[PDB]
Amino acid sequence: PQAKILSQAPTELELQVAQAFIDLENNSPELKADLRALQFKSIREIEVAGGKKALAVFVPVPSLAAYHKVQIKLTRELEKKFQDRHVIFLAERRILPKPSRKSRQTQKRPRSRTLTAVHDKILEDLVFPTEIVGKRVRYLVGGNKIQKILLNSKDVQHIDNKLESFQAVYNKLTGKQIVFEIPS
Amino acid sequence: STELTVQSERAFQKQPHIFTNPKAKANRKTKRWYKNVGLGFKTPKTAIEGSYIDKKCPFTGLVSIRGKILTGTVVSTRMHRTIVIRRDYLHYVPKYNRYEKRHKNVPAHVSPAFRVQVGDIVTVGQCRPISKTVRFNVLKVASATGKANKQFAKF
Amino acid sequence: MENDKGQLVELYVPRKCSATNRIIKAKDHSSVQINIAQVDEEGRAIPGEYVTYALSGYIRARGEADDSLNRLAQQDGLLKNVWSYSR
Amino acid sequence: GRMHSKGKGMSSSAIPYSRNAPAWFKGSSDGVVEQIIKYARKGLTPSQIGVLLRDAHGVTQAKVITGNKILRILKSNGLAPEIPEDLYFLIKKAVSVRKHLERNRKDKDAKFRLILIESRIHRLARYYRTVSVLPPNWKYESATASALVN
Amino acid sequence: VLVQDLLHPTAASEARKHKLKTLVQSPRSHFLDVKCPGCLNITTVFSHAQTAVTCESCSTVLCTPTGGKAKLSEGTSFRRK
Amino acid sequence: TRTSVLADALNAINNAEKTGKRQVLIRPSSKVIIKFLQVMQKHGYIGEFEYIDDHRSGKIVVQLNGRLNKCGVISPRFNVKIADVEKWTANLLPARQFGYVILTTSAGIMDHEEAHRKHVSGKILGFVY
RNA sequence: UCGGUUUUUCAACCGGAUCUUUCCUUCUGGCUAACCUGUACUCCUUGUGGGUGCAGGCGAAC
Ligand SMILES: [Mg+2]
Ligand SMILES: [Mg+2]
Ligand SMILES: [Zn+2]
């Protein structure tokens with residue numbers, strides 16, 4: 001059963017993903033029941049330099065905790081199956097624009113639906129098993145901001161060679177330049 | 001303001017030249033005359049349905065709203081059928097390149113179509129002189145309930 | 001500075017301290033020029049060829065002249081890890 | 001740099017960077033919430049509860065684990081007191097001072113201190129009224145204050 | 001002096017500096033896994049207690065409060081979390 | 001009380017420059033401050049600056065080349081009325097050729113020249129040269 | 001080109017429309033300018049150069 005774990009189901013990549021997920025149910029106790037209550041809000045594949053193409057797999061939001069609980073093993077499995085590529089579990093978040101001084105008051109905008117917050121959330125999602133420590137924001141003499149994200153000395157082996165890919169994904173999403181760092 | 005009774009003083013209080021023919025019996029029994037003030041303002045349902053009188057009401061009376069339309073916070077309700085409106089503004093002193101905080105109280109007339117407490121912000125329209133100091137008539141009360149919905153803290 | 005007909009006015013263009021970028025004045029009897037000679041193979045120190053550093057009087061007066069000099073050296077490679085950027 | 005003395009100190013708790021739950025901590029947010037509720041029932045102020053959580057259990061900050069601050073949680077359950085905690089404490093302190101004064105009259109330093117306390121209380125009261133935590137007419141006096149305390 | 005990297009300083013220097021006055025604020029305190037000499041139970045005691053923390057099963061008093069860092073009850077053995 | 005943050009930042013920068021330092025540590029950090037810094041950067045009075053995230057207010061590390069000889073906020077943000085900009089310029093700036101009066105307009109934060117070009121004015125902020 | 005005047009190679013500078021998870025107050029209607037059209041397909045260099053032309057319908061043109 002493929003089209004039932006998709007919210008709404010067009011496209012072929014999505015179908016493939018669903019199939020993969022279904023297949024992954026044959027690991028049994030660790031990867032069932034928890035996998036059975038999961039869905040997507042579509043999948044976008046992003047081109048990365050080198051030849052690799054990352055997989056932004058968009059996800060409801062109340063479902064996210066479950067995904068987090070499951071994630072790493074599942075991700076690994078996906079990678080193994082869908083060779084060469086990296087799989088990133090990002091939550092689909094709303095974003096509501098700034099109430100312009102002319103516009104109609106559509107009841108107070110929640111601060112989770114502010115753009116910056118959304119971006120932060122996305123960032124958090126992106127590096128999942130690794131927590132984010134410090135954030136720096138380099139304002140260059142040329143006139144362009146480069147964000148600098150610092151991560152733990154732990155967990156890094158989960159994240160390994162994906163950093164460039166992650167950066168690319170971020171760029172695709174927001175349009176902001178990212179650099180990842182590990183201080184020790 | 002009115003506050004109860006309606007037919008409460010020495011003279012019978014009726015809308016002038018409004019006739020309620022006591023032969024062919026009507027649905028309302030007594031005919032009520034009203035008008036919309038215009039300028040985009042709305043005549044309230046309290047004015048149409050009500051039993052109160054007022055010559056100095058902008059909806060049910062004889063005064064006409066024209067000229068300046070001001071806004072400000074209510075300071076005093078105490079005197080019957082009228083109000084006092086505070087109207088804070090900044091006076092620019094040019095020598096010091098800065099602003100004085102200033103005052104000016106506007107006494108205004110309150111149609112019994114409104115519930116007005118001290119501290120409510122009120123839109124007031126200019127009309128024909130009504131008393132010694134009053135030139136203005138309350139058109140819209142903006143502070144509707146305040147916190148009359150959930151006054152008590154217990155969820 | 002520059003005249004409309006292109007050509008320069010400005011009687012002399014002043015030296016700026018290589019450490020602060022701040023201008024050295026004409027009666028700055030405290031400022032200094034350090035000449036550090038270009039070295040060759042077998043040492044030998046190449047004649048009439050050197051790296052020059054201007055230091056304003058102010059820095060010298062303060063005391064953090066030496067440190068500045070060291071820093072300057074370790075960006076043209078005249079010293080090898082004497083001055084560290086992270087202190 | 002302090003509100004009633006010449007004191008200039010900077011002693012304070014410094015909250016860590018990560019909003020996320022600490023990696024070593026297991027348990028559940030629900031469990032934490034339950035514990036908090038129990039504490040409230042027993043009859044403790046938010047701060048005390050927080051302290052307890054920090055000490056006996058693995059709770060760093062309640063907002064870090066549950067998603068909500070302790071006071072909010074209390075409110076949700078219907079346990080947040082008639083008077084906010086700090087204000088109550090201040091009132092209690094004032095009452096003690098007053099009692100002391102009643103006993104011995106020549107203590108001028110004590111009297112001075114009392115004034116300060118009163119001022120502080122007034123400030124707090126004003127704040128609360130603005131925020132509408134207290135009913136917008138609530139005043140602090142002497143007998144009334146004592147009653148409130150007790 | 002004059003020229004510094006203010007962003008990433010030496011670790012030792014940072015350690016020396018007061019909490020708060022560091023580049024980013026972080027606690028100097030930590031949490032502890034406390035083993036009571038009797039029963040096999042592990043309690044997570046914060047290093048700067050204030051309260052006289054007992055084991056959840058038996059009243060033994062693991063830590064006594066002091067000015068800063070709390071003092072452990074001798075028979076007890078800890079491990080940093 | 002820290003009444004003005006921008007002012008504090010500017011003062012710190014000035015202090016750093018006068019003593020000859022090549023970097024500052026600004027401590028409260030705002031949008032406005034950042035904007036101000038950007039203007040300076042654009043005009044070349046400042047090097048690369050970076051914003052440390054504290055998860056509270058912020059903290060800016062600013063690199064100074066040495067060209068900036070004075071910052072300075074003009075504090076009670078006076079409402080400058082297009083024809084009035086000139087007077088301000090005459091007052092604050094050391095010459096008629098260079099230097100910038102930074103003023104917050106509804107079109108954004110910019111130097112006075114930019115404002116003139118755009119034909120906008122608003123409240124004054126500070127000045128740089 | 002008959003001391004002035006038109007474009008390109010180019011610039012910085014000031015705008016406008018958009019598309020980017022983006023509404024810019026919303027409709028009850030008037031004119032739907034226009035083709036998103038395609039109803040006969042061709043006045044016609046071998047063509048998608050070009051327009052007599054009206055049922056579904058983009059409305060910002062008021
Ligand atoms: Mg202080
Ligand atoms: Mg004081
Ligand atoms: Zn034991």
# chains A, B, ... in the order shown; residues from 1 in each chain; ligands from 1
call {"tool": "interface_residues", "arguments": {"of": "chain C", "to": "chain E", "cutoff": "7 Å", "atoms": "only C-alpha atoms", "output": "NGL selection string"}}
result
:C and (85-87)
call {"tool": "write_last_selection", "arguments": {"atoms": "C-alpha atoms", "output": "mmCIF file, in the first residue's frame"}}
result
data_model
loop_
_atom_site.group_PDB
_atom_site.id
_atom_site.type_symbol
_atom_site.label_atom_id
_atom_site.label_comp_id
_atom_site.auth_asym_id
_atom_site.auth_seq_id
_atom_site.Cartn_x
_atom_site.Cartn_y
_atom_site.Cartn_z
ATOM 1 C CA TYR C 85 46.573 35.674 16.282
ATOM 2 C CA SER C 86 44.579 33.942 19.022
ATOM 3 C CA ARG C 87 45.733 35.311 22.389
#
call {"tool": "interface_residues", "arguments": {"of": "chain D", "to": "chain A", "cutoff": "10 Å", "atoms": "only C-alpha atoms", "output": "CSV table (one decimal) with N, CA and C atoms, in the first residue's frame"}}
result
chain,number,residue,atom,x,y,z
D,17,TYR,N,23.1,27.5,26.1
D,17,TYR,CA,22.7,27.8,24.8
D,17,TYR,C,21.5,27.0,24.3
D,18,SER,N,21.6,25.7,24.4
D,18,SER,CA,20.7,24.7,23.8
D,18,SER,C,19.3,24.7,24.5
D,20,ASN,N,17.0,22.7,23.4
D,20,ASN,CA,16.7,21.2,23.4
D,20,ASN,C,17.1,20.5,24.7
D,23,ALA,N,21.2,15.7,26.3
D,23,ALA,CA,21.3,14.4,25.7
D,23,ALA,C,21.3,13.2,26.6
call {"tool": "residues_near_ligand", "arguments": {"ligand": "ligand 2", "cutoff": "9 Å", "atoms": "only C-alpha atoms (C1' of nucleotides) and all ligand atoms", "output": "PDB file with N, CA, C and O atoms, in the first residue's frame"}}
result
ATOM      1  N   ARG D   2      21.036  47.158  41.243  1.00  0.00           N
ATOM      2  CA  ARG D   2      20.181  47.160  42.446  1.00  0.00           C
ATOM      3  C   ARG D   2      19.156  48.306  42.516  1.00  0.00           C
ATOM      4  O   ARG D   2      19.285  49.319  41.825  1.00  0.00           O
ATOM      5  N   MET D   3      18.136  48.126  43.354  1.00  0.00           N
ATOM      6  CA  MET D   3      16.942  48.962  43.297  1.00  0.00           C
ATOM      7  C   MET D   3      16.703  49.845  44.523  1.00  0.00           C
ATOM      8  O   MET D   3      16.018  50.866  44.418  1.00  0.00           O
ATOM      9  N   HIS D   4      17.261  49.462  45.671  1.00  0.00           N
ATOM     10  CA  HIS D   4      17.100  50.248  46.903  1.00  0.00           C
ATOM     11  C   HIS D   4      18.365  50.472  47.731  1.00  0.00           C
ATOM     12  O   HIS D   4      18.385  51.334  48.618  1.00  0.00           O
ATOM     13  N   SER D   5      19.412  49.708  47.435  1.00  0.00           N
ATOM     14  CA  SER D   5      20.717  49.894  48.066  1.00  0.00           C
ATOM     15  C   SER D   5      21.734  50.461  47.069  1.00  0.00           C
ATOM     16  O   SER D   5      21.442  50.595  45.875  1.00  0.00           O
TER      17      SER D   5
END
call {"tool": "residues_near_ligand", "arguments": {"ligand": "ligand 3", "cutoff": "7 Å", "atoms": "only C-alpha atoms (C1' of nucleotides) and all ligand atoms", "output": "NGL selection string"}}
result
:E and (36-39 or 58 or 60)
call {"tool": "write_last_selection", "arguments": {"atoms": "N, CA, C and O atoms", "output": "short mmCIF file (atom, residue, chain, number, x, y, z; two decimals), in the first residue's frame"}}
result
data_model
loop_
_atom_site.label_atom_id
_atom_site.label_comp_id
_atom_site.auth_asym_id
_atom_site.auth_seq_id
_atom_site.Cartn_x
_atom_site.Cartn_y
_atom_site.Cartn_z
N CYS E 36 24.69 5.66 45.94
CA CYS E 36 24.62 5.45 47.38
C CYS E 36 25.23 4.08 47.70
O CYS E 36 24.95 3.11 46.99
N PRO E 37 26.07 3.99 48.77
CA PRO E 37 26.80 2.75 49.10
C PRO E 37 25.93 1.51 49.36
O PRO E 37 26.40 0.39 49.15
N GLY E 38 24.69 1.72 49.80
CA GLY E 38 23.75 0.63 50.06
C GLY E 38 23.11 0.07 48.80
O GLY E 38 23.70 -0.78 48.12
N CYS E 39 21.90 0.55 48.49
CA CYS E 39 21.09 0.07 47.37
C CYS E 39 21.67 0.45 46.00
O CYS E 39 22.36 1.47 45.87
N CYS E 58 15.17 5.39 49.69
CA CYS E 58 15.57 5.47 51.09
C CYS E 58 16.13 6.84 51.47
O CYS E 58 16.88 7.45 50.70
N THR E 60 18.69 8.92 53.06
CA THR E 60 20.11 8.74 53.39
C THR E 60 20.92 10.04 53.41
O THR E 60 21.97 10.11 54.06
#
call {"tool": "atom_distance", "arguments": {"atom1": "CA of residue 92 (chain A)", "atom2": "CA of residue 59 (chain A)"}}
result
5.5 Å
call {"tool": "interface_residues", "arguments": {"of": "chain F", "to": "chain C", "cutoff": "10 Å", "atoms": "only C-alpha atoms", "output": "VMD selection string"}}
result
chain F and resid 17 to 22 64 to 69
call {"tool": "write_last_selection", "arguments": {"atoms": "N, CA, C and O atoms", "output": "mmCIF file, in the first residue's frame"}}
result
data_model
loop_
_atom_site.group_PDB
_atom_site.id
_atom_site.type_symbol
_atom_site.label_atom_id
_atom_site.label_comp_id
_atom_site.auth_asym_id
_atom_site.auth_seq_id
_atom_site.Cartn_x
_atom_site.Cartn_y
_atom_site.Cartn_z
ATOM 1 N N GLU F 17 39.115 52.601 18.174
ATOM 2 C CA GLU F 17 39.850 53.219 17.086
ATOM 3 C C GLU F 17 40.925 54.126 17.653
ATOM 4 O O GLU F 17 42.081 54.090 17.152
ATOM 5 N N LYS F 18 40.547 54.923 18.649
ATOM 6 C CA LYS F 18 41.452 55.937 19.196
ATOM 7 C C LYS F 18 42.680 55.290 19.790
ATOM 8 O O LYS F 18 43.803 55.763 19.553
ATOM 9 N N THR F 19 42.460 54.194 20.522
ATOM 10 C CA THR F 19 43.555 53.420 21.121
ATOM 11 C C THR F 19 44.306 52.523 20.118
ATOM 12 O O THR F 19 45.297 51.879 20.481
ATOM 13 N N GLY F 20 43.839 52.489 18.870
ATOM 14 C CA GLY F 20 44.561 51.837 17.777
ATOM 15 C C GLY F 20 44.251 50.374 17.518
ATOM 16 O O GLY F 20 44.848 49.775 16.618
ATOM 17 N N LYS F 21 43.319 49.805 18.291
ATOM 18 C CA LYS F 21 42.894 48.400 18.141
ATOM 19 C C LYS F 21 42.347 48.129 16.741
ATOM 20 O O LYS F 21 41.854 49.040 16.068
ATOM 21 N N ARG F 22 42.433 46.871 16.314
ATOM 22 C CA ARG F 22 41.961 46.470 14.990
ATOM 23 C C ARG F 22 40.631 45.716 15.030
ATOM 24 O O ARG F 22 40.128 45.285 13.987
ATOM 25 N N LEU F 64 38.389 46.759 12.361
ATOM 26 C CA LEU F 64 38.658 48.149 11.995
ATOM 27 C C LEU F 64 39.953 48.254 11.205
ATOM 28 O O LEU F 64 41.012 47.821 11.670
ATOM 29 N N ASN F 65 39.853 48.821 10.006
ATOM 30 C CA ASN F 65 41.011 49.092 9.153
ATOM 31 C C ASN F 65 41.878 50.241 9.679
ATOM 32 O O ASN F 65 43.105 50.192 9.581
ATOM 33 N N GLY F 66 41.222 51.261 10.238
ATOM 34 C CA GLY F 66 41.901 52.427 10.809
ATOM 35 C C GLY F 66 41.510 53.756 10.186
ATOM 36 O O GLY F 66 41.937 54.815 10.656
ATOM 37 N N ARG F 67 40.691 53.694 9.135
ATOM 38 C CA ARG F 67 40.270 54.867 8.365
ATOM 39 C C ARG F 67 39.234 55.719 9.094
ATOM 40 O O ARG F 67 39.227 56.947 8.958
ATOM 41 N N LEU F 68 38.357 55.048 9.842
ATOM 42 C CA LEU F 68 37.297 55.675 10.629
ATOM 43 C C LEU F 68 37.909 56.532 11.736
ATOM 44 O O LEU F 68 38.547 56.004 12.644
ATOM 45 N N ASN F 69 37.746 57.850 11.641
ATOM 46 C CA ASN F 69 38.292 58.746 12.674
ATOM 47 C C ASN F 69 37.282 59.263 13.709
ATOM 48 O O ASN F 69 37.683 59.702 14.794
#
call {"tool": "interface_residues", "arguments": {"of": "chain F", "to": "chain A", "cutoff": "9 Å", "atoms": "only C-alpha atoms", "output": "list in words"}}
result
residues 38, 41, 42, 44, 46, 47, 48, 49, 50, 51, 52, 53 and 54 of chain F
call {"tool": "write_last_selection", "arguments": {"atoms": "N, CA and C atoms", "output": "PDB file, in the first residue's frame"}}
result
ATOM      1  N   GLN F  38      26.679  48.313   8.358  1.00  0.00           N
ATOM      2  CA  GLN F  38      26.633  47.993   6.943  1.00  0.00           C
ATOM      3  C   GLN F  38      26.910  49.217   6.135  1.00  0.00           C
ATOM      4  N   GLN F  41      30.548  49.971   6.253  1.00  0.00           N
ATOM      5  CA  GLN F  41      31.234  48.937   5.479  1.00  0.00           C
ATOM      6  C   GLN F  41      31.206  49.295   3.997  1.00  0.00           C
ATOM      7  N   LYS F  42      30.014  49.680   3.546  1.00  0.00           N
ATOM      8  CA  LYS F  42      29.769  50.058   2.154  1.00  0.00           C
ATOM      9  C   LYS F  42      30.666  51.217   1.766  1.00  0.00           C
ATOM     10  N   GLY F  44      33.390  51.951   3.331  1.00  0.00           N
ATOM     11  CA  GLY F  44      34.769  51.517   3.566  1.00  0.00           C
ATOM     12  C   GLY F  44      35.431  52.032   4.831  1.00  0.00           C
ATOM     13  N   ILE F  46      34.944  50.526   7.666  1.00  0.00           N
ATOM     14  CA  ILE F  46      35.015  49.340   8.508  1.00  0.00           C
ATOM     15  C   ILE F  46      35.334  48.085   7.683  1.00  0.00           C
ATOM     16  N   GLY F  47      35.930  47.083   8.328  1.00  0.00           N
ATOM     17  CA  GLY F  47      36.227  45.804   7.677  1.00  0.00           C
ATOM     18  C   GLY F  47      35.058  44.840   7.750  1.00  0.00           C
ATOM     19  N   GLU F  48      35.371  43.549   7.854  1.00  0.00           N
ATOM     20  CA  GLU F  48      34.368  42.505   8.062  1.00  0.00           C
ATOM     21  C   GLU F  48      33.900  42.538   9.516  1.00  0.00           C
ATOM     22  N   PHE F  49      32.588  42.551   9.726  1.00  0.00           N
ATOM     23  CA  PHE F  49      32.042  42.386  11.073  1.00  0.00           C
ATOM     24  C   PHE F  49      31.155  41.155  11.152  1.00  0.00           C
ATOM     25  N   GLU F  50      31.180  40.476  12.296  1.00  0.00           N
ATOM     26  CA  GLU F  50      30.318  39.311  12.476  1.00  0.00           C
ATOM     27  C   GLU F  50      29.523  39.252  13.772  1.00  0.00           C
ATOM     28  N   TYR F  51      28.302  38.742  13.625  1.00  0.00           N
ATOM     29  CA  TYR F  51      27.310  38.654  14.682  1.00  0.00           C
ATOM     30  C   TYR F  51      27.346  37.270  15.328  1.00  0.00           C
ATOM     31  N   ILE F  52      27.806  37.242  16.575  1.00  0.00           N
ATOM     32  CA  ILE F  52      27.727  36.075  17.444  1.00  0.00           C
ATOM     33  C   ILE F  52      26.295  35.983  17.965  1.00  0.00           C
ATOM     34  N   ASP F  53      25.724  34.781  17.905  1.00  0.00           N
ATOM     35  CA  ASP F  53      24.401  34.524  18.466  1.00  0.00           C
ATOM     36  C   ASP F  53      24.516  33.991  19.893  1.00  0.00           C
ATOM     37  N   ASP F  54      23.960  34.756  20.830  1.00  0.00           N
ATOM     38  CA  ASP F  54      23.932  34.402  22.247  1.00  0.00           C
ATOM     39  C   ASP F  54      22.610  33.752  22.649  1.00  0.00           C
TER      40      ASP F  54
END
call {"tool": "residues_around", "arguments": {"residues": "region 63-70 of chain E", "least_positions_apart": "5", "cutoff": "12 Å", "atoms": "only C-alpha atoms (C1' of nucleotides)", "output": "PDB file with N, CA and C atoms, in the first residue's frame"}}
result
ATOM      1  N   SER D  11      25.755  38.839  40.362  1.00  0.00           N
ATOM      2  CA  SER D  11      25.483  37.416  40.609  1.00  0.00           C
ATOM      3  C   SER D  11      24.142  36.974  40.035  1.00  0.00           C
ATOM      4  N   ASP D  55      17.287  19.670  41.472  1.00  0.00           N
ATOM      5  CA  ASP D  55      18.070  18.878  42.416  1.00  0.00           C
ATOM      6  C   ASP D  55      17.823  17.359  42.452  1.00  0.00           C
ATOM      7  N   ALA D  56      16.632  16.961  42.902  1.00  0.00           N
ATOM      8  CA  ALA D  56      16.263  15.549  43.053  1.00  0.00           C
ATOM      9  C   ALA D  56      16.159  14.788  41.726  1.00  0.00           C
TER      10      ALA D  56
ATOM     11  N   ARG E  28      28.945  26.844  34.579  1.00  0.00           N
ATOM     12  CA  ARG E  28      30.147  26.151  35.045  1.00  0.00           C
ATOM     13  C   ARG E  28      29.770  24.917  35.857  1.00  0.00           C
ATOM     14  N   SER E  29      28.513  24.882  36.293  1.00  0.00           N
ATOM     15  CA  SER E  29      27.943  23.749  37.006  1.00  0.00           C
ATOM     16  C   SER E  29      27.652  22.585  36.062  1.00  0.00           C
ATOM     17  N   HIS E  30      27.435  21.411  36.652  1.00  0.00           N
ATOM     18  CA  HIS E  30      27.178  20.171  35.921  1.00  0.00           C
ATOM     19  C   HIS E  30      26.300  19.237  36.753  1.00  0.00           C
ATOM     20  N   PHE E  31      25.836  18.156  36.130  1.00  0.00           N
ATOM     21  CA  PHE E  31      25.003  17.161  36.800  1.00  0.00           C
ATOM     22  C   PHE E  31      25.788  15.882  37.093  1.00  0.00           C
ATOM     23  N   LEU E  32      25.386  15.183  38.154  1.00  0.00           N
ATOM     24  CA  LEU E  32      26.125  14.023  38.656  1.00  0.00           C
ATOM     25  C   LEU E  32      25.240  12.795  38.842  1.00  0.00           C
ATOM     26  N   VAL E  34      24.848   9.902  41.132  1.00  0.00           N
ATOM     27  CA  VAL E  34      25.242   9.578  42.506  1.00  0.00           C
ATOM     28  C   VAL E  34      24.845   8.146  42.872  1.00  0.00           C
ATOM     29  N   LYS E  35      25.854   7.346  43.215  1.00  0.00           N
ATOM     30  CA  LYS E  35      25.658   6.005  43.758  1.00  0.00           C
ATOM     31  C   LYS E  35      25.794   6.011  45.279  1.00  0.00           C
ATOM     32  N   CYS E  36      24.688   5.662  45.935  1.00  0.00           N
ATOM     33  CA  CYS E  36      24.617   5.449  47.379  1.00  0.00           C
ATOM     34  C   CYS E  36      25.231   4.079  47.701  1.00  0.00           C
ATOM     35  N   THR E  43      20.846   8.291  41.195  1.00  0.00           N
ATOM     36  CA  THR E  43      20.143   9.576  41.271  1.00  0.00           C
ATOM     37  C   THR E  43      20.967  10.684  40.621  1.00  0.00           C
ATOM     38  N   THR E  44      20.284  11.556  39.878  1.00  0.00           N
ATOM     39  CA  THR E  44      20.931  12.640  39.132  1.00  0.00           C
ATOM     40  C   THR E  44      20.922  13.945  39.938  1.00  0.00           C
ATOM     41  N   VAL E  45      22.010  14.164  40.675  1.00  0.00           N
ATOM     42  CA  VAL E  45      22.155  15.311  41.577  1.00  0.00           C
ATOM     43  C   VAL E  45      22.924  16.444  40.894  1.00  0.00           C
ATOM     44  N   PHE E  46      22.323  17.634  40.922  1.00  0.00           N
ATOM     45  CA  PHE E  46      22.948  18.868  40.452  1.00  0.00           C
ATOM     46  C   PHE E  46      24.038  19.308  41.435  1.00  0.00           C
ATOM     47  N   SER E  47      25.207  19.657  40.892  1.00  0.00           N
ATOM     48  CA  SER E  47      26.428  19.929  41.676  1.00  0.00           C
ATOM     49  C   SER E  47      26.346  21.084  42.683  1.00  0.00           C
ATOM     50  N   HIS E  48      25.410  22.007  42.464  1.00  0.00           N
ATOM     51  CA  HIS E  48      25.174  23.131  43.371  1.00  0.00           C
ATOM     52  C   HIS E  48      23.754  23.007  43.937  1.00  0.00           C
ATOM     53  N   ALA E  49      23.595  22.108  44.911  1.00  0.00           N
ATOM     54  CA  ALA E  49      22.278  21.638  45.375  1.00  0.00           C
ATOM     55  C   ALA E  49      21.316  22.697  45.942  1.00  0.00           C
ATOM     56  N   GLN E  50      21.576  23.173  47.166  1.00  0.00           N
ATOM     57  CA  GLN E  50      20.651  23.997  47.992  1.00  0.00           C
ATOM     58  C   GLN E  50      19.770  23.132  48.900  1.00  0.00           C
ATOM     59  N   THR E  51      19.149  22.100  48.325  1.00  0.00           N
ATOM     60  CA  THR E  51      18.345  21.137  49.089  1.00  0.00           C
ATOM     61  C   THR E  51      19.178  19.918  49.477  1.00  0.00           C
ATOM     62  N   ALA E  52      18.851  19.330  50.630  1.00  0.00           N
ATOM     63  CA  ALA E  52      19.489  18.100  51.094  1.00  0.00           C
ATOM     64  C   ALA E  52      18.877  16.900  50.367  1.00  0.00           C
ATOM     65  N   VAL E  53      19.418  16.614  49.181  1.00  0.00           N
ATOM     66  CA  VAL E  53      18.901  15.555  48.303  1.00  0.00           C
ATOM     67  C   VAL E  53      19.114  14.149  48.848  1.00  0.00           C
ATOM     68  N   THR E  54      18.009  13.414  48.960  1.00  0.00           N
ATOM     69  CA  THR E  54      18.014  12.013  49.383  1.00  0.00           C
ATOM     70  C   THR E  54      17.729  11.116  48.178  1.00  0.00           C
ATOM     71  N   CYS E  55      18.076   9.834  48.304  1.00  0.00           N
ATOM     72  CA  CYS E  55      17.686   8.813  47.328  1.00  0.00           C
ATOM     73  C   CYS E  55      16.163   8.653  47.341  1.00  0.00           C
ATOM     74  N   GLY E  75      30.343   8.243  52.055  1.00  0.00           N
ATOM     75  CA  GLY E  75      30.046   6.870  51.622  1.00  0.00           C
ATOM     76  C   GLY E  75      29.571   6.773  50.180  1.00  0.00           C
ATOM     77  N   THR E  76      28.981   7.867  49.689  1.00  0.00           N
ATOM     78  CA  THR E  76      28.493   7.992  48.309  1.00  0.00           C
ATOM     79  C   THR E  76      29.633   8.076  47.293  1.00  0.00           C
ATOM     80  N   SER E  77      29.388   7.552  46.091  1.00  0.00           N
ATOM     81  CA  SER E  77      30.343   7.669  44.983  1.00  0.00           C
ATOM     82  C   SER E  77      29.658   8.198  43.726  1.00  0.00           C
ATOM     83  N   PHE E  78      30.232   9.247  43.138  1.00  0.00           N
ATOM     84  CA  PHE E  78      29.620   9.932  41.994  1.00  0.00           C
ATOM     85  C   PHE E  78      30.280   9.625  40.647  1.00  0.00           C
TER      86      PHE E  78
END
call {"tool": "select_by_dssp", "arguments": {"residues": "region 42-122 of chain B", "states": "alpha helix (DSSP H)", "output": "ChimeraX atom specification"}}
result
/B:45-49
call {"tool": "write_last_selection", "arguments": {"atoms": "N, CA and C atoms", "output": "mmCIF file, in the first residue's frame"}}
result
data_model
loop_
_atom_site.group_PDB
_atom_site.id
_atom_site.type_symbol
_atom_site.label_atom_id
_atom_site.label_comp_id
_atom_site.auth_asym_id
_atom_site.auth_seq_id
_atom_site.Cartn_x
_atom_site.Cartn_y
_atom_site.Cartn_z
ATOM 1 N N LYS B 45 -28.157 49.741 16.252
ATOM 2 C CA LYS B 45 -29.442 49.073 16.502
ATOM 3 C C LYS B 45 -30.091 49.505 17.820
ATOM 4 N N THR B 46 -29.259 49.960 18.760
ATOM 5 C CA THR B 46 -29.702 50.530 20.039
ATOM 6 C C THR B 46 -30.519 51.814 19.858
ATOM 7 N N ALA B 47 -30.221 52.555 18.788
ATOM 8 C CA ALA B 47 -30.906 53.806 18.450
ATOM 9 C C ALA B 47 -32.265 53.583 17.782
ATOM 10 N N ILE B 48 -32.320 52.618 16.862
ATOM 11 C CA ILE B 48 -33.539 52.287 16.108
ATOM 12 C C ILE B 48 -34.580 51.600 17.007
ATOM 13 N N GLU B 49 -34.146 50.575 17.740
ATOM 14 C CA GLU B 49 -35.033 49.760 18.581
ATOM 15 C C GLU B 49 -35.433 50.428 19.898
#
call {"tool": "residues_near_ligand", "arguments": {"ligand": "ligand 1", "cutoff": "8 Å", "atoms": "only C-alpha atoms (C1' of nucleotides) and all ligand atoms", "output": "MDAnalysis selection string"}}
result
chainID D and resid 1 8:10
call {"tool": "write_last_selection", "arguments": {"atoms": "N, CA, C and O atoms", "output": "mmCIF file, in the first residue's frame"}}
result
data_model
loop_
_atom_site.group_PDB
_atom_site.id
_atom_site.type_symbol
_atom_site.label_atom_id
_atom_site.label_comp_id
_atom_site.auth_asym_id
_atom_site.auth_seq_id
_atom_site.Cartn_x
_atom_site.Cartn_y
_atom_site.Cartn_z
ATOM 1 N N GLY D 1 21.770 48.081 38.408
ATOM 2 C CA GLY D 1 22.641 47.875 39.602
ATOM 3 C C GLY D 1 21.904 48.114 40.900
ATOM 4 O O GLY D 1 22.120 49.132 41.566
ATOM 5 N N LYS D 8 25.972 46.871 43.781
ATOM 6 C CA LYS D 8 26.281 46.914 42.353
ATOM 7 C C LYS D 8 26.542 45.530 41.741
ATOM 8 O O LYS D 8 26.968 45.427 40.583
ATOM 9 N N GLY D 9 26.257 44.480 42.511
ATOM 10 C CA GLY D 9 26.570 43.096 42.140
ATOM 11 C C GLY D 9 25.939 42.563 40.865
ATOM 12 O O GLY D 9 24.936 43.101 40.388
ATOM 13 N N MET D 10 26.535 41.499 40.325
ATOM 14 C CA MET D 10 26.087 40.888 39.066
ATOM 15 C C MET D 10 25.827 39.371 39.139
ATOM 16 O O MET D 10 25.688 38.710 38.104
#
